[PDB]
Amino acid sequence: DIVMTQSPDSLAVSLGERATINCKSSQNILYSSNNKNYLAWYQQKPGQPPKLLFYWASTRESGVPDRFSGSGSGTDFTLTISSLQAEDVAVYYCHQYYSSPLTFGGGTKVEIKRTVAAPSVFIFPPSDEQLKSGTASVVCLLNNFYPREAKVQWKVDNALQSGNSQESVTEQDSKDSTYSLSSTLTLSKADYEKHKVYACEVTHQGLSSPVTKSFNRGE
Amino acid sequence: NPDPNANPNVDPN
Amino acid sequence: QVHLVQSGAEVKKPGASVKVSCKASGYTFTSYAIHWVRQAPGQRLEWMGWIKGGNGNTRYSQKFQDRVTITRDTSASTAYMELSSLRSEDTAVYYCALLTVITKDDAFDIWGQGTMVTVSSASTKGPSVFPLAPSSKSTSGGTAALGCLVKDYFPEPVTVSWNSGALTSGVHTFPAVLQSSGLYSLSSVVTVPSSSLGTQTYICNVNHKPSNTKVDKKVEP
C-alpha cells in the first residue's frame, strides 16, 4: 500500500496568488527504465466526480488551463496553480498507479481569500401547502457573503429561540468566491399560529449592526 | 519496478 | 462524447446486496478496463477493483475482495459492481471510471456521476416540496429570491434543477440538514429579475432517486 500524503490539507490565498500543493509518495514511484513517474492529479468540486488534470506527473490533460502545472519525481511531487482563479476552488487529489492497490492522497481543499461581502438577507414565510400537513417552516436566507463566518438567530414574538432551527452553508461559489447560508426554523402548525412576529437576526463583519428581517403571520 | 496490471489502461510506452 | 452513466442512488437494509451499473458510450467498450472507486464519508478515494471490458478479467482490492463482484456485459456495453452483506459503513458514493487511459493512441479519463448507496434500516421517505415564494421580504435591488424547500426525506440524495435545467445562473442548492426525526431537509434558491415575475415561470425539479420519486413545483408570487 503506497500511501500518498498531501500537504497542506487546506490552503487559502487571494485571487491571482500562486497555490502550491505537495504530495509525498511513501514509495519511489519513478521507473528508471522508461523515466516516468506513475502519478496523476485530480480536481473535485462538491457534488461532482473527480476530473483528471495531470498524468505521468507533468503531462497536462486536454482542457486544463496553463496556470496549472505538475512537477516532481521519485517520492516528491507538486501541483501548482500559478494564478488562482475562482473556478479553481475545489479539492485536489494526487494518485499513484505504480503498484496495486491503486491509492489516492488525502485531498487538499483550495479556498480563495476575497473582500468583505455582507449578506443579503431574505425571509420566507411557510407555504399553505406545508401548513396543510400541519407543520410550519420559516426559511432565512443569507446570500452571497464573505467571510463564511456568519451568525443567525431566530426570534418569535421577540423571544430568542432555542433548539428548533437547523442551518447549512454552501461551498465557495466558483464565480464570486462567496458563501451562502440557509437556516430553517420549524414549528408545529399549532405553535406557529400562537405567534405573530417571526424574525431572523443576522450578524456578519460586513454589517456594523445586526440585521433583522421579519414578517407577521398575517402577511 | 511498477506492476503494469494495477491499471491495465496504462501503456508504459 | 465518452459517457459513463451510472444507475440511480439506492437505499438498502444491512445484510442486503446492491448491484450498481455503469453504462458506457463514446468509446470501444471492449478495449479498456472499468475501475470502481468508493468515496466514503469525508474519507478519501478508495480503489475497489477493475474489470477488463473485453475478456472480463477482474482484479480486486484486498479491502473488498470477499464482498464485491464486478461483472460486465459486452452486448449492453455495461459494467456492473455488486456489493453483498452490506454494512452501514458501506454508505458511500460508488464510482465507475476509465481510470488513466494512457495508450499510445489516446489519453482520457472519464468517471460516471457516482451512485450514492445508503445502508440503513430507518424509515424511507420521499420529499415534500414546498415553494419559497417571492414576496416583499425576498426582493432587493431589482432582484427577487425564490426557491423550493425539500423537507422530510430519507435517504440522501435529492437532486434539484430549475426549468428542466434552463435556469442555472443564480442557483444555490444547499447542503442537506439532518433533523432530529432522522429525515433530511434542503433548500434550493435562485435570484431572478424582480421586473419579470408576472411574465416568467419558475419550476423547480426535485428528484429523489432512492425512492424513484420526481416532483416539480411551480413557485409563484
# chains A, B, ... in the order shown; residues from 1 in each chain; ligands from 1
$ closest_atom_pairs --of "chain B" --to "chain C" --cutoff "6 Å" --atoms "only C-alpha atoms" --output "CSV"
residue,atom,partner,partner_atom,distance
B:9,CA,C:101,CA,4.8
B:10,CA,C:102,CA,4.6
B:11,CA,C:103,CA,5.1
$ interface_residues --of "chain B" --to "chain A" --cutoff "7 Å" --atoms "only C-alpha atoms" --output "list in words"
residues 1, 2, 3, 6 and 7 of chain B
$ write_last_selection --atoms "C-alpha atoms" --output "PDB file, in the first residue's frame"
ATOM      1  CA  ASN B   1       9.528  -1.816 -10.510  1.00  0.00           C
ATOM      2  CA  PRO B   2       5.932  -0.918 -11.374  1.00  0.00           C
ATOM      3  CA  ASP B   3       3.178  -3.528 -11.660  1.00  0.00           C
ATOM      4  CA  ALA B   6      -2.654  -2.116 -11.372  1.00  0.00           C
ATOM      5  CA  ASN B   7      -4.321  -0.147 -14.166  1.00  0.00           C
TER       6      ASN B   7
END
$ residues_around --residues "residue C:160" --least-positions-apart "6" --cutoff "9 Å" --atoms "only C-alpha atoms" --output "PyMOL selection string"
chain C and resi 148+173+188+204-207
$ residues_around --residues "stretch 77-82 of chain A" --least-positions-apart "3" --cutoff "6 Å" --atoms "only C-alpha atoms" --output "list in words"
residues 18, 19, 20, 21, 22, 23, 67, 68, 69, 70, 71 and 72 of chain A
$ interface_residues --of "chain C" --to "chain A" --cutoff "8 Å" --atoms "only C-alpha atoms" --output "PDB file with C-alpha atoms, in the first residue's frame"
ATOM      1  CA  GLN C  43     -12.738   9.889   3.850  1.00  0.00           C
ATOM      2  CA  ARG C  44     -10.551   9.686   0.774  1.00  0.00           C
ATOM      3  CA  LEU C  45     -10.964   7.901  -2.524  1.00  0.00           C
ATOM      4  CA  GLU C  46     -10.511   4.113  -2.424  1.00  0.00           C
ATOM      5  CA  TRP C  47      -9.880   1.891  -5.373  1.00  0.00           C
ATOM      6  CA  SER C  61      -8.672  -4.588  -3.750  1.00  0.00           C
ATOM      7  CA  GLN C  62      -7.969  -6.566  -0.623  1.00  0.00           C
ATOM      8  CA  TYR C  95     -17.894   5.471  -8.935  1.00  0.00           C
ATOM      9  CA  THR C 100      -5.984   6.964 -16.644  1.00  0.00           C
ATOM     10  CA  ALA C 107      -5.365   9.663 -23.456  1.00  0.00           C
ATOM     11  CA  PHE C 108      -8.509  10.220 -21.445  1.00  0.00           C
ATOM     12  CA  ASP C 109     -10.014   9.735 -18.007  1.00  0.00           C
ATOM     13  CA  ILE C 110     -13.786   9.518 -17.578  1.00  0.00           C
ATOM     14  CA  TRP C 111     -15.839   8.966 -14.424  1.00  0.00           C
ATOM     15  CA  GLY C 112     -19.543   8.317 -14.034  1.00  0.00           C
ATOM     16  CA  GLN C 113     -21.731  10.599 -11.957  1.00  0.00           C
ATOM     17  CA  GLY C 114     -21.404   8.368  -8.880  1.00  0.00           C
ATOM     18  CA  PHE C 130     -42.974  23.395  -0.660  1.00  0.00           C
ATOM     19  CA  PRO C 131     -42.486  26.698  -2.519  1.00  0.00           C
ATOM     20  CA  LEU C 132     -40.411  29.559  -1.169  1.00  0.00           C
ATOM     21  CA  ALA C 133     -42.459  32.230  -2.961  1.00  0.00           C
ATOM     22  CA  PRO C 134     -41.035  35.679  -3.717  1.00  0.00           C
ATOM     23  CA  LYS C 137     -39.413  40.055   2.114  1.00  0.00           C
ATOM     24  CA  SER C 138     -37.335  38.416  -0.646  1.00  0.00           C
ATOM     25  CA  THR C 139     -36.748  41.314  -3.051  1.00  0.00           C
ATOM     26  CA  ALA C 145     -35.066  35.478  -4.485  1.00  0.00           C
ATOM     27  CA  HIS C 172     -27.836  27.853  -4.779  1.00  0.00           C
ATOM     28  CA  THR C 173     -28.757  24.330  -3.660  1.00  0.00           C
ATOM     29  CA  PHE C 174     -27.854  23.980  -0.070  1.00  0.00           C
ATOM     30  CA  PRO C 175     -26.298  21.007   1.731  1.00  0.00           C
ATOM     31  CA  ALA C 176     -28.973  18.967   3.444  1.00  0.00           C
ATOM     32  CA  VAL C 177     -29.546  19.123   7.190  1.00  0.00           C
ATOM     33  CA  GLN C 179     -33.417  16.726  11.541  1.00  0.00           C
ATOM     34  CA  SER C 187     -33.233  24.352   0.221  1.00  0.00           C
TER      35      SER C 187
END
$ residues_around --residues "residue C:13" --least-positions-apart "3" --cutoff "9 Å" --atoms "only C-alpha atoms" --output "PyMOL selection string"
chain C and resi 16-17+86-88+118-122
$ write_last_selection --atoms "N, CA, C and O atoms" --output "JSON list (two decimals), in the first residue's frame"
[["chain", "number", "residue", "atom", "x", "y", "z"],
["C", 16, "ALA", "N", -28.19, -6.79, 3.15],
["C", 16, "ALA", "CA", -28.67, -6.99, 1.78],
["C", 16, "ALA", "C", -27.54, -6.77, 0.78],
["C", 16, "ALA", "O", -26.36, -6.66, 1.14],
["C", 17, "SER", "N", -27.88, -6.70, -0.51],
["C", 17, "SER", "CA", -26.90, -6.57, -1.57],
["C", 17, "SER", "C", -27.32, -5.48, -2.55],
["C", 17, "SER", "O", -28.52, -5.21, -2.72],
["C", 86, "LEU", "N", -24.17, -6.11, 3.05],
["C", 86, "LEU", "CA", -23.88, -4.66, 3.23],
["C", 86, "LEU", "C", -23.83, -4.24, 4.69],
["C", 86, "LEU", "O", -24.70, -4.63, 5.46],
["C", 87, "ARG", "N", -22.82, -3.46, 5.03],
["C", 87, "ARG", "CA", -22.70, -2.91, 6.40],
["C", 87, "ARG", "C", -23.05, -1.43, 6.31],
["C", 87, "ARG", "O", -22.92, -0.88, 5.22],
["C", 88, "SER", "N", -23.49, -0.82, 7.40],
["C", 88, "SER", "CA", -23.83, 0.63, 7.42],
["C", 88, "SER", "C", -22.58, 1.47, 7.15],
["C", 88, "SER", "O", -22.74, 2.67, 6.89],
["C", 118, "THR", "N", -26.87, 4.23, 0.35],
["C", 118, "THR", "CA", -27.09, 4.37, 1.79],
["C", 118, "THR", "C", -27.60, 3.06, 2.36],
["C", 118, "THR", "O", -28.61, 2.51, 1.91],
["C", 119, "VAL", "N", -26.92, 2.58, 3.39],
["C", 119, "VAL", "CA", -27.23, 1.33, 4.05],
["C", 119, "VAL", "C", -27.81, 1.66, 5.41],
["C", 119, "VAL", "O", -27.09, 2.16, 6.28],
["C", 120, "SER", "N", -29.10, 1.37, 5.60],
["C", 120, "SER", "CA", -29.85, 1.82, 6.77],
["C", 120, "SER", "C", -31.13, 1.01, 6.94],
["C", 120, "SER", "O", -31.76, 0.62, 5.95],
["C", 121, "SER", "N", -31.52, 0.77, 8.20],
["C", 121, "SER", "CA", -32.81, 0.17, 8.50],
["C", 121, "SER", "C", -33.89, 1.20, 8.88],
["C", 121, "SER", "O", -35.00, 0.82, 9.26],
["C", 122, "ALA", "N", -33.59, 2.49, 8.73],
["C", 122, "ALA", "CA", -34.50, 3.58, 9.07],
["C", 122, "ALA", "C", -35.65, 3.72, 8.06],
["C", 122, "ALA", "O", -35.58, 3.25, 6.92]]
$ select_by_dssp --residues "stretch 37-186 of chain C" --states "helix (DSSP H, G or I)" --output "list in words"
residues 88, 89, 90, 136, 137, 138, 163, 164 and 165 of chain C
$ closest_residue --among "C:39, C:135, C:191, C:211" --to "residue C:12" --atoms "only C-alpha atoms"
C:211
$ select_by_dssp --residues "stretch 100-142 of chain A" --states "strand (DSSP E or B)" --output "ChimeraX atom specification"
/A:103-104,108-113,117,120-124,135-142
$ atom_distance --atom1 "atom CA of residue C:30" --atom2 "atom CA of residue C:53"
4.3 Å
$ decode --residues "stretch 161-189 of chain C" --atoms "N, CA and C atoms" --output "PDB file, in the first residue's frame"
ATOM      1  N   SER C 161     -33.135  20.737 -10.025  1.00  0.00           N
ATOM      2  CA  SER C 161     -32.839  21.634 -11.142  1.00  0.00           C
ATOM      3  C   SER C 161     -33.951  22.669 -11.248  1.00  0.00           C
ATOM      4  N   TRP C 162     -33.765  23.636 -12.146  1.00  0.00           N
ATOM      5  CA  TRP C 162     -34.743  24.702 -12.335  1.00  0.00           C
ATOM      6  C   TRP C 162     -35.072  24.852 -13.811  1.00  0.00           C
ATOM      7  N   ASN C 163     -36.368  24.818 -14.132  1.00  0.00           N
ATOM      8  CA  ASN C 163     -36.844  24.927 -15.511  1.00  0.00           C
ATOM      9  C   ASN C 163     -36.139  23.889 -16.389  1.00  0.00           C
ATOM     10  N   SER C 164     -36.208  22.641 -15.906  1.00  0.00           N
ATOM     11  CA  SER C 164     -35.599  21.475 -16.539  1.00  0.00           C
ATOM     12  C   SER C 164     -34.161  21.767 -16.951  1.00  0.00           C
ATOM     13  N   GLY C 165     -33.457  22.535 -16.112  1.00  0.00           N
ATOM     14  CA  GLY C 165     -32.066  22.830 -16.339  1.00  0.00           C
ATOM     15  C   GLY C 165     -31.790  24.080 -17.150  1.00  0.00           C
ATOM     16  N   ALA C 166     -32.826  24.761 -17.657  1.00  0.00           N
ATOM     17  CA  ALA C 166     -32.603  26.020 -18.370  1.00  0.00           C
ATOM     18  C   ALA C 166     -32.167  27.150 -17.437  1.00  0.00           C
ATOM     19  N   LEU C 167     -32.333  26.995 -16.125  1.00  0.00           N
ATOM     20  CA  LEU C 167     -32.009  28.044 -15.164  1.00  0.00           C
ATOM     21  C   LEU C 167     -30.848  27.551 -14.307  1.00  0.00           C
ATOM     22  N   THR C 168     -29.661  28.077 -14.553  1.00  0.00           N
ATOM     23  CA  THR C 168     -28.504  27.765 -13.737  1.00  0.00           C
ATOM     24  C   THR C 168     -27.862  28.996 -13.111  1.00  0.00           C
ATOM     25  N   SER C 169     -27.907  30.158 -13.765  1.00  0.00           N
ATOM     26  CA  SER C 169     -27.373  31.368 -13.144  1.00  0.00           C
ATOM     27  C   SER C 169     -28.162  31.745 -11.892  1.00  0.00           C
ATOM     28  N   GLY C 170     -27.437  31.958 -10.793  1.00  0.00           N
ATOM     29  CA  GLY C 170     -28.025  32.398  -9.550  1.00  0.00           C
ATOM     30  C   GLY C 170     -28.679  31.311  -8.735  1.00  0.00           C
ATOM     31  N   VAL C 171     -28.421  30.046  -9.034  1.00  0.00           N
ATOM     32  CA  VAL C 171     -28.972  28.950  -8.242  1.00  0.00           C
ATOM     33  C   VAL C 171     -28.015  28.642  -7.094  1.00  0.00           C
ATOM     34  N   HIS C 172     -28.579  28.380  -5.920  1.00  0.00           N
ATOM     35  CA  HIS C 172     -27.836  27.853  -4.779  1.00  0.00           C
ATOM     36  C   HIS C 172     -28.653  26.724  -4.178  1.00  0.00           C
ATOM     37  N   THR C 173     -28.151  25.492  -4.299  1.00  0.00           N
ATOM     38  CA  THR C 173     -28.757  24.330  -3.660  1.00  0.00           C
ATOM     39  C   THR C 173     -27.972  23.991  -2.405  1.00  0.00           C
ATOM     40  N   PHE C 174     -28.611  24.062  -1.299  1.00  0.00           N
ATOM     41  CA  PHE C 174     -27.854  23.980  -0.070  1.00  0.00           C
ATOM     42  C   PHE C 174     -27.565  22.533   0.325  1.00  0.00           C
ATOM     43  N   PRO C 175     -26.482  22.310   1.083  1.00  0.00           N
ATOM     44  CA  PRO C 175     -26.298  21.007   1.731  1.00  0.00           C
ATOM     45  C   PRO C 175     -27.477  20.685   2.626  1.00  0.00           C
ATOM     46  N   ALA C 176     -27.828  19.408   2.663  1.00  0.00           N
ATOM     47  CA  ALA C 176     -28.973  18.967   3.444  1.00  0.00           C
ATOM     48  C   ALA C 176     -28.664  18.999   4.940  1.00  0.00           C
ATOM     49  N   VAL C 177     -29.703  19.197   5.747  1.00  0.00           N
ATOM     50  CA  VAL C 177     -29.546  19.123   7.190  1.00  0.00           C
ATOM     51  C   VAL C 177     -30.245  17.862   7.669  1.00  0.00           C
ATOM     52  N   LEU C 178     -29.787  17.343   8.815  1.00  0.00           N
ATOM     53  CA  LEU C 178     -30.333  16.134   9.421  1.00  0.00           C
ATOM     54  C   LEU C 178     -31.175  16.551  10.611  1.00  0.00           C
ATOM     55  N   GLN C 179     -32.485  16.427  10.470  1.00  0.00           N
ATOM     56  CA  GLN C 179     -33.417  16.726  11.541  1.00  0.00           C
ATOM     57  C   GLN C 179     -33.378  15.639  12.617  1.00  0.00           C
ATOM     58  N   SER C 180     -33.898  15.978  13.808  1.00  0.00           N
ATOM     59  CA  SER C 180     -33.933  15.017  14.908  1.00  0.00           C
ATOM     60  C   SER C 180     -34.856  13.827  14.622  1.00  0.00           C
ATOM     61  N   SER C 181     -35.776  13.943  13.663  1.00  0.00           N
ATOM     62  CA  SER C 181     -36.511  12.792  13.152  1.00  0.00           C
ATOM     63  C   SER C 181     -35.674  11.866  12.262  1.00  0.00           C
ATOM     64  N   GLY C 182     -34.387  12.132  12.043  1.00  0.00           N
ATOM     65  CA  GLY C 182     -33.646  11.318  11.095  1.00  0.00           C
ATOM     66  C   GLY C 182     -34.017  11.532   9.643  1.00  0.00           C
ATOM     67  N   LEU C 183     -34.777  12.580   9.384  1.00  0.00           N
ATOM     68  CA  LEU C 183     -35.135  12.910   7.993  1.00  0.00           C
ATOM     69  C   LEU C 183     -34.294  14.101   7.557  1.00  0.00           C
ATOM     70  N   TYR C 184     -33.992  14.156   6.275  1.00  0.00           N
ATOM     71  CA  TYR C 184     -33.137  15.231   5.745  1.00  0.00           C
ATOM     72  C   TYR C 184     -34.017  16.360   5.219  1.00  0.00           C
ATOM     73  N   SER C 185     -33.460  17.557   5.121  1.00  0.00           N
ATOM     74  CA  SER C 185     -34.197  18.703   4.549  1.00  0.00           C
ATOM     75  C   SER C 185     -33.198  19.632   3.860  1.00  0.00           C
ATOM     76  N   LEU C 186     -33.485  20.043   2.630  1.00  0.00           N
ATOM     77  CA  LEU C 186     -32.602  21.019   1.957  1.00  0.00           C
ATOM     78  C   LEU C 186     -33.371  22.187   1.351  1.00  0.00           C
ATOM     79  N   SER C 187     -32.634  23.185   0.891  1.00  0.00           N
ATOM     80  CA  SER C 187     -33.233  24.352   0.221  1.00  0.00           C
ATOM     81  C   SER C 187     -32.547  24.565  -1.123  1.00  0.00           C
ATOM     82  N   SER C 188     -33.309  24.886  -2.148  1.00  0.00           N
ATOM     83  CA  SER C 188     -32.714  25.288  -3.438  1.00  0.00           C
ATOM     84  C   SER C 188     -33.286  26.667  -3.712  1.00  0.00           C
ATOM     85  N   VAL C 189     -32.437  27.610  -4.069  1.00  0.00           N
ATOM     86  CA  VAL C 189     -32.909  29.008  -4.198  1.00  0.00           C
ATOM     87  C   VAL C 189     -32.288  29.657  -5.437  1.00  0.00           C
TER      88      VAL C 189
END
